[PDB]
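Protein chains in written order, with PDB author numbering: chain O, 1 to 27, 27A, 28 to 107; chain P, 33 to 58, 65 to 77, 82 to 143, 152 to 185, 188 to 309, 312 to 321, 321A, 322 to 397, 411 to 504; chain G, 300 to 309, 312 to 321, 321A, 322 to 353; chain M, 1 to 35, 35A, 36 to 51, 53 to 71, 71A, 72, 72A to 72C, 73 to 82, 82A to 82C, 83 to 100, 100A to 100L, 101 to 113; chain C, 520 to 546, 567 to 663; chain F, 565 to 663; chain D, 520 to 546, 566 to 660. The beta carbon of each residue, even a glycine, is placed where N, CA and C say it ideally should be.
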Amino acid sequence: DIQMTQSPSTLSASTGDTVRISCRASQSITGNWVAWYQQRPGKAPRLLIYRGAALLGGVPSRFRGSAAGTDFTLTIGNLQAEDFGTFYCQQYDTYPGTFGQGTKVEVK
Amino acid sequence: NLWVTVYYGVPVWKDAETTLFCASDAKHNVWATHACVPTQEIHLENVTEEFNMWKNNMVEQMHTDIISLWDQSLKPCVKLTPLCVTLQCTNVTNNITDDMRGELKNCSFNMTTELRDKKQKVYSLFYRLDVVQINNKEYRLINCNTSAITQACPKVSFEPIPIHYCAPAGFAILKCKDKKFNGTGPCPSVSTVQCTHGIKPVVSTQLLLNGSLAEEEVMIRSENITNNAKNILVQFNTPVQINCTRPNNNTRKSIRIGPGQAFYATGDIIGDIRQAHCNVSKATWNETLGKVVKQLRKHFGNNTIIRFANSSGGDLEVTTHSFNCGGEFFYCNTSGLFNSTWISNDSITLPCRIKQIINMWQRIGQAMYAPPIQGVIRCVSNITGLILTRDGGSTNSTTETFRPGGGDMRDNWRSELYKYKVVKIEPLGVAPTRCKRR
Amino acid sequence: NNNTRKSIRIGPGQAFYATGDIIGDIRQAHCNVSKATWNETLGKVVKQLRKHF
Amino acid sequence: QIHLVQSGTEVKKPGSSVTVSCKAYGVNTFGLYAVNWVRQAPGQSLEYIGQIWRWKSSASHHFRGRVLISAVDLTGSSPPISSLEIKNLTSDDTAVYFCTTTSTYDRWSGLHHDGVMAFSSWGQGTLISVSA
Amino acid sequence: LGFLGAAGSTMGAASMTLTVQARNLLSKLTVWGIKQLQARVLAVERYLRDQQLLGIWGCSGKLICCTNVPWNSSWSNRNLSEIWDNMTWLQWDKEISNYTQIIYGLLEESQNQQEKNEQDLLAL
Amino acid sequence: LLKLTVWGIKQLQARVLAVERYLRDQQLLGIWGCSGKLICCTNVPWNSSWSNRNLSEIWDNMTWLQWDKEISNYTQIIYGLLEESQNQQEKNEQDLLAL
Amino acid sequence: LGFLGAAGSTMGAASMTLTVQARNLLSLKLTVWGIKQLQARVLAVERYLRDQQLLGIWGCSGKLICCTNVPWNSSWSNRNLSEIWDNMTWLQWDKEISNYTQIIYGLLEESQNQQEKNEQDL
Ligand SMILES: *[C@@H]1O[C@H](CO)[C@@H](O[C@@H]2O[C@H](CO)[C@@H](O[C@@H]3O[C@H](CO[C@H]4O[C@H](CO[C@H]5O[C@H](CO)[C@@H](O)[C@H](O)[C@@H]5O[C@H]5O[C@H](CO)[C@@H](O)[C@H](O)[C@@H]5O)[C@@H](O)[C@H](O[C@H]5O[C@H](CO)[C@@H](O)[C@H](O)[C@@H]5O)[C@@H]4O)[C@@H](O)[C@H](O[C@H]4O[C@H](CO)[C@@H](O)[C@H](O)[C@@H]4O[C@H]4O[C@H](CO)[C@@H](O)[C@H](O)[C@@H]4O[C@H]4O[C@H](CO)[C@@H](O)[C@H](O)[C@@H]4O)[C@@H]3O)[C@H](O)[C@H]2NC(C)=O)[C@H](O)[C@H]1NC(C)=O
Ligand SMILES: *[C@@H]1O[C@H](CO)[C@@H](O[C@@H]2O[C@H](CO)[C@@H](O[C@@H]3O[C@H](CO[C@H]4O[C@H](CO)[C@@H](O)[C@H](O)[C@@H]4O)[C@@H](O)[C@H](O[C@H]4O[C@H](CO)[C@@H](O)[C@H](O)[C@@H]4O)[C@@H]3O)[C@H](O)[C@H]2NC(C)=O)[C@H](O)[C@H]1NC(C)=O
Ligand SMILES: *[C@@H]1O[C@H](CO)[C@@H](O[C@@H]2O[C@H](CO)[C@@H](O[C@@H]3O[C@H](CO)[C@@H](O)[C@H](O)[C@@H]3O)[C@H](O)[C@H]2NC(C)=O)[C@H](O)[C@H]1NC(C)=O
Ligand SMILES: *[C@@H]1O[C@H](CO)[C@@H](O[C@@H]2O[C@H](CO)[C@@H](O[C@@H]3O[C@H](CO)[C@@H](O)[C@H](O)[C@@H]3O)[C@H](O)[C@H]2NC(C)=O)[C@H](O)[C@H]1NC(C)=O
Ligand SMILES: *[C@@H]1O[C@H](CO)[C@@H](O[C@@H]2O[C@H](CO)[C@@H](O)[C@H](O)[C@H]2NC(C)=O)[C@H](O)[C@H]1NC(C)=O
Ligand SMILES: *[C@@H]1O[C@H](CO)[C@@H](O[C@@H]2O[C@H](CO)[C@@H](O)[C@H](O)[C@H]2NC(C)=O)[C@H](O)[C@H]1NC(C)=O
Ligand SMILES: *[C@@H]1O[C@H](CO)[C@@H](O[C@@H]2O[C@H](CO)[C@@H](O)[C@H](O)[C@H]2NC(C)=O)[C@H](O)[C@H]1NC(C)=O
Ligand SMILES: *[C@@H]1O[C@H](CO)[C@@H](O[C@@H]2O[C@H](CO)[C@@H](O)[C@H](O)[C@H]2NC(C)=O)[C@H](O)[C@H]1NC(C)=O
Ligand SMILES: *[C@@H]1O[C@H](CO)[C@@H](O[C@@H]2O[C@H](CO)[C@@H](O)[C@H](O)[C@H]2NC(C)=O)[C@H](O)[C@H]1NC(C)=O
Ligand SMILES: *[C@@H]1O[C@H](CO)[C@@H](O[C@@H]2O[C@H](CO)[C@@H](O)[C@H](O)[C@H]2NC(C)=O)[C@H](O)[C@H]1NC(C)=O
Ligand SMILES: *[C@@H]1O[C@H](CO)[C@@H](O)[C@H](O)[C@H]1NC(C)=O
Ligand SMILES: *[C@@H]1O[C@H](CO)[C@@H](O)[C@H](O)[C@H]1NC(C)=O
Ligand SMILES: *[C@@H]1O[C@H](CO)[C@@H](O)[C@H](O)[C@H]1NC(C)=O
Ligand SMILES: *[C@@H]1O[C@H](CO)[C@@H](O)[C@H](O)[C@H]1NC(C)=O
Ligand SMILES: *[C@@H]1O[C@H](CO)[C@@H](O)[C@H](O)[C@H]1NC(C)=O
Ligand SMILES: *[C@@H]1O[C@H](CO)[C@@H](O)[C@H](O)[C@H]1NC(C)=O
Ligand SMILES: *[C@@H]1O[C@H](CO)[C@@H](O)[C@H](O)[C@H]1NC(C)=O
Ligand SMILES: *[C@@H]1O[C@H](CO)[C@@H](O)[C@H](O)[C@H]1NC(C)=O
Ligand SMILES: *[C@@H]1O[C@H](CO)[C@@H](O)[C@H](O)[C@H]1NC(C)=O
Ligand SMILES: *[C@@H]1O[C@H](CO)[C@@H](O)[C@H](O)[C@H]1NC(C)=O
Ligand SMILES: *[C@@H]1O[C@H](CO)[C@@H](O)[C@H](O)[C@H]1NC(C)=O
Ligand SMILES: *[C@@H]1O[C@H](CO)[C@@H](O)[C@H](O)[C@H]1NC(C)=O
Ligand SMILES: *[C@@H]1O[C@H](CO)[C@@H](O)[C@H](O)[C@H]1NC(C)=O
Ligand SMILES: *[C@@H]1O[C@H](CO)[C@@H](O)[C@H](O)[C@H]1NC(C)=O
């Protein structure tokens, strides 16, 4: 049972900035078994990044992910108007899987 | 307090592809038997493997190899290029009975000789499907305005020889030993081998002849069961024999058309003119269809009516059962077998026609001309499978009609390579160990 | 020019593609070259060729 | 592509059972795939309920002996169906349930780690609100 | 057991039959001739590309040869009991699949420094 | 360059068999612990059931052809014992090096 | 530095990056481009096995910097240990020992020979 902590809780940015979201686990996941999901408010969730630093077919190259010991970070550059939603960091190393806490990105 | 140790020879394999070579044990043949090398199975435990027979690479490689082997024996012998002349064909009658008049014609035509400025008026016997009329009536060959006719080579044989596509060193072949395997999914009984068993390259549509049998029950295989455009493969558990024969003598006559160029045609028939026919047992076919429909009712429901009808229409090599017996290509109507309706000592005789101009592998531009065979032709064969299809209904009834189909030669070879997989061995490994150098 | 292709069968499985009929008018094929760029490159050609003559 | 539909909004009384279905379109066989069922409480985080892999259905350590997952293979006149039954529900089960699939064909795909895996395709989610 | 017979055992139980898989890695212009020639060329190249990597690190003729580099704790924090008795070879290569290049790089310069340190030993 | 008229299929295959006969001999010599030696000694004992001749009779009277003909029925078991003994000596050296 | 990056340095600075050049000497129809790839692969096998066979008869198989018990003669070079490794490079040292290369290549063959098992066998 690994508890995930996401940072920050609620932040705001503008069109053209870079949003950095961090995720800290309990133990040391040395195998990079982490994933970053995006869920719009009201719509269905969407998997963005699997295995920490690998993209999916249909995801643009502006997103980036990095892993270092416990700290898994996600950088979103060239921010648009359609990337406002909730972001989740979820591990699948040990049974069972546990999600993060939620991080909403507003516009201001 | 930990160090790195390199291990060589770990049992780790990846998924890849390579090239396979023939291996057989040993008048020539079409497929090169004397060019192959002269010809163990280790069971594995605590390992699973996900097999998929519809995404294999061995079927396309085998198809390309059979196509490349078919076009290597037709080259160095004689081609029949000056045969496109104006024929004069009449009917033939020599104590001939009913339902045969109209299938054979006696043709006469001019032909060049070994001298350039001379001619020779010769005659032969042709079939109905080999000549067409143009507007005594004049006739011509059917494959003349679209393809070039070359003769089949008289020193080769079309007998199928079992070969072994065998992998070199560095790769491995895995095989699923499940008795109720359906070609898709995980297999808990995987064993490694060197290479496969004897596969006979039998070219036939709608009837898997001289194939491999099942173990427990009749197997049904399909890719997309919710689509009406995918074929359905049926694998029996018992063989149903069938005896095909041709009562004609079919004497041969050699005509020299030039310098070192010979042409073998049909001469005169000594005897009666009867139909070539295949006899199949009637008592075994009913229980064969019952064992087929007992496994086929599991995919549609226990309240389904199963109708068995014949083919609708299309090409002659699709609707009719096309095969090769004794060196001669037979096309059987086979409409009397698939005629039934299943609700929830006699023998059937099927007449077959003979064609001499064969267009193989669905090609447009490369024809052939088989030579006549002297004597009486009689062969026996097994029936170890079926290729069926269904039509699109109005999704409201419980009646399903199944019709035989084919034409694509990949389905005839996918039923034998549905359990084998090719893997690539990687023997390097890195392990932690409390040890130091020197 | 607006050319049309016509296939004549000269044998068994052998065709020959020839011209058909010109649709419209028959004009001359031609190439256009810029004059000022050609002169300003020929000046550099002469200026670089005068080093050896 | 691969499209999944689910049931509608069903309102149930405490004490009875409920059954949520999930129909798939595009998958080949459940032996090459794995069907995971999670949920999401309104105003809270997600929660993993159960999964079916290699024809072996299982649940978490908190929903043991309470839920039941079932699945069938292809049918010539029916889509692939995955059902989940909840018996003896409490007053704290109002959530948006989902239905996810994950392809477990390749061993070196990196999307699965010895039974537990990620979610590549999501559904629409059914709202279940229980009240007295 | 045979060829690939210990594929389902643990890492400690499969490290004793390494000589079985180490000996089965080497052994008119028709259609069946060029395929056999390309297969022999591919087998020779696949043997040489592994023998060169075995000869760079200094393990010419040894299978359980020892190195001098230390094991970093960021690669795998497991002990000797959860590796040689629980995990297999099909999972251990996928566990550290992102850290093989730095290990292959560290196995070269240490062997080079060990070979260049031997030159200052016999010069006394 | 490479022309395969009559003498291109006979010159490439000779180098192919030369490479194969070198690599198979090097692989058979590498698994016994004698990579680069000719008069290297082993650790397996000589059984009296293979050849009961003395040491003064073989090295001064016998021939290599007659010696290959004499013990041809006990050839593969010596290679199997060598393949077992090399792995056993390597495991013993790894056990001694771990302390 | 890279592949052939120390070609302009001296012999003392180019003898430390031998691992760069020690890993770049090794790596379907009958058309005009299908036979050239097979020819290049066969030539790459031939130009590696011939160079590896010379190190096997000298007892330096698997070693990049290997030295034996062959005494260096004073008639081959009359330089010191400071005017060779610090002044001359590898492109200039090969031109001076071109008339004495086969003598060293023949003396290196018997060395790994006069060091073989004798009677100790009995
Ligand atoms: C190629 O060939 C392949 C051959 O290998 C072939 O594979 C075969 O595919 C078929 C598919 O057609 C497979 O058949 C199915 O198999 C399913 C497997 O189910 C497994 O799991 C259940 C559940 O186990 C839990 O519960 C039991 C009992 O409590 C416990 O003991 C367990 O430990 C476990 O509990 C854990 O999990 C809990 C959480 O759920 C935890 O709380 C708990 O703590 C535990 O951790 C088992 O019961 C099953 O066992 C049965 O099968 C084994 C097989 O050996 C028997 O030995 C055993 O005695 C049992 O009989 C099994 O292990 C089946 O679930 C599935 O059943 C459905 O179909 C049948 C009819 O065929 C129905 O009778 C059945 O009721 C199911 O139908 C329901 O679901 C469908 C789908 O929605 C509905 O449409 C249907 O109406 C029905 O719903 C109704 O009932 C529901 C309750 O069940 C109810 O909720 C609904 O509301 C509704 O009323 C079916 O049999 C077959 O197994 C494969 N063969 C294999 C794997 O070998 C492949 O397909 C071929 N491919 C092609 C392309 O041809
Ligand atoms: C096997 O053979 C089939 C037949 O050709 C191939 O094609 C698949 O066909 C099914 C048919 O159902 C496709 O399934 C999809 O189901 C969706 C859900 O249907 C319900 O909801 C709609 C309203 O949205 C109702 O009208 C309907 O009655 C059901 O109640 C449908 O919505 C899909 O239609 C459209 O959906 C979206 C728009 O919402 C579009 O993006 C889609 O492209 C589509 O136009 C559709 O009917 C299934 O998607 C088809 N597959 C593919 C890949 O397209 C199978 O592909 C084939 N199997 C394989 C493995 O190839
Ligand atoms: C396939 O089955 C058909 C019948 O179902 C077989 O045809 C039968 O063949 C026999 C022998 O050729 C015929 O017998 C003959 O009868 C005449 C008149 O009595 C006699 O003079 C002959 O000497 C001979 O005995 C029989 O009439 C005939 N039946 C029919 C209906 O035509 C056929 O031979 C079978 N083919 C094979 C390969 O088994
Ligand atoms: C399926 O396999 C069977 C068994 O091999 C095949 O039957 C065989 O067919 C060949 C070809 O006609 C027969 O060879 C010929 O036999 C006659 C007999 O008189 C001989 O005169 C010819 O010179 C020629 O050798 C062979 O005898 C026959 N085998 C048996 C046991 O009858 C069958 O052809 C295969 N099916 C297909 C579609 O190829
Ligand atoms: C660890 O390695 C795996 C594969 O070895 C990496 O997964 C690939 O990452 C690339 C990077 O964009 C993707 O394009 C591929 O689709 C991924 N999958 C495969 C199967 O190749 C993974 O990113 C690595 N993790 C790191 C570098 O942190
Ligand atoms: C096909 O027609 C030719 C003539 O066009 C037939 O040949 C003649 O046959 C009769 C009958 O015995 C002979 O009297 C003639 O001498 C033949 N003429 C020549 C030029 O040979 C031939 O018999 C016919 N074939 C068949 C099967 O009836
Ligand atoms: C073969 O060639 C002969 C000529 O050598 C053809 O005979 C001529 O046919 C035409 C066409 O009707 C007649 O007009 C002539 O009178 C015929 N005789 C001569 C001497 O030219 C004959 O038709 C050709 N074909 C066949 C099948 O015999
Ligand atoms: C197909 O031919 C085989 C033999 O070529 C037939 O088998 C024989 O049938 C007769 C008549 O029933 C028996 O007396 C023999 O004992 C059978 N065996 C042998 C070895 O001769 C077979 O019956 C034929 N099948 C059909 C449907 O006619
Ligand atoms: C194949 O067999 C079927 C069924 O016997 C034939 O269909 C009918 O056959 C009878 C013969 O008694 C004809 O009178 C009918 O006209 C046929 N129906 C048609 C043509 O629609 C079928 O003709 C046979 N195939 C061939 C090529 O003869
Ligand atoms: C047609 O089926 C029969 C019945 O299985 C085959 O006869 C067996 O053939 C196998 C070898 O393929 C023998 O080991 C058996 O002894 C045969 N007899 C029985 C009773 O099983 C026959 O070989 C099949 N025909 C072909 C061409 O393979
Ligand atoms: C010749 O056969 C054809 C085809 O059966 C027929 O139409 C024609 O009437 C026949 N002619 C004679 C003279 O018998
Ligand atoms: C060739 O002739 C046949 C028979 O008349 C005809 O069906 C076909 O369309 C012709 N093909 C061409 C290309 O003219
Ligand atoms: C075919 O004809 C030949 C004579 O050319 C004869 O010897 C043979 O018996 C005939 N075959 C039969 C009648 O089956
Ligand atoms: C259909 O009938 C068979 C008869 O044995 C039975 O085994 C099977 O369970 C039935 N199908 C269903 C869905 O009940
Ligand atoms: C199929 O059977 C029907 C009914 O006898 C017949 O009219 C039709 O011609 C048959 N089709 C073929 C291709 O034989
Ligand atoms: C098909 O079956 C029906 C029903 O028994 C029968 O009347 C008909 O004659 C059959 N047709 C053929 C060609 O056997
Ligand atoms: C040229 O020919 C093409 C046919 O390929 C035709 O569509 C087009 O209109 C012609 N242009 C003129 C100017 O005639
Ligand atoms: C050639 O055509 C291009 C347009 O594609 C045009 O910009 C250019 O000026 C033309 N050059 C001449 C010399 O006409
Ligand atoms: C080319 O340019 C030169 C000056 O650069 C000028 O004197 C000359 O007249 C030009 N040529 C033409 C043809 O105008
Ligand atoms: C497979 O696992 C069982 C127990 O999990 C074990 O007893 C057996 O030895 C294993 N098989 C092999 C080949 O190691
Ligand atoms: C271990 O990894 C850390 C972080 O990348 C690195 O700073 C350190 O040098 C490594 N140590 C060893 C012994 O490889
Ligand atoms: C020697 O041979 C005997 C008889 O075959 C056998 O029992 C014994 O194990 C062998 N010992 C050795 C050292 O090979
Ligand atoms: C050949 O060797 C044998 C000993 O094995 C010896 O007796 C014989 O004399 C030799 N032959 C000659 C010609 O010396
Ligand atoms: C080239 O010579 C300069 C001296 O001017 C020296 O500093 C430099 O290191 C040399 N380059 C190499 C690669 O040794």
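Check: residue i C-beta below 7 Å from any heavy atom of ligand 3
i: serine 413 (chain P); result: yes
Beta-carbon neighbours of residue i, restricted to chain F and to distances below 8 Å
i: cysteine 501 (chain P); result: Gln658, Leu661, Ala662
Exposure of residue i, with buried meaning 16 or more beta-carbon neighbours within 10 Å
i: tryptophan 427 (chain P); result: exposed
i: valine 127 (chain P); result: exposed
i: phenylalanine 353 (chain G); result: exposed
i: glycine 76 (chain O); result: exposed
i: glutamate 381 (chain P); result: buried
Interface partners of residue i on chain M, CB under 7 Å
i: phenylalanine 98 (chain O); result: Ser44, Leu45
Interface partners of residue i on chain C, CB under 7 Å
i: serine 599 (chain F); result: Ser599, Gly600
Within chain F, partners of residue i - CB distance below 7 Å
i: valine 580 (chain D); result: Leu576, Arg579
Within chain M, partners of residue i - CB distance below 8 Å
i: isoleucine 277 (chain P); result: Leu72A, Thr72B, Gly72C
Any non-hydrogen atom of ligand 16 closer than 7 Å to residue i Cβ
i: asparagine 392 (chain P); result: yes
Residue i beta carbon near ligand 21 (any heavy atom closer than 7 Å)
i: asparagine 94 (chain P); result: no
Looking at chain M, which residues of the stretch 34 to 51 of chain O have a Cβ within less than 8 Å of any of its Cβ atoms?
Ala34, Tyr36, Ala43, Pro44, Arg45, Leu46, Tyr49, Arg50
Which residues of the stretch 60 to 85 of chain O have a Cβ closer than 8 Å to any Cβ of chain M? Give them in chain order.
none
Could you list the residues in the stretch 195 to 211 of chain P with a C-beta less than 9 Å from some C-beta on chain G, going in chain order?
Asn195, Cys196, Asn197, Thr198, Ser199, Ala200, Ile201
Near ligand 11, which residues have their beta-carbon closer than 7 Å to a heavy atom?
P:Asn133, P:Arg143, P:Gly152
Using only Cβ atoms and a threshold of 5 Å, which residues come within that distance of a heavy atom of ligand 17? Order them by chain position.
G:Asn301, G:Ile323, G:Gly324
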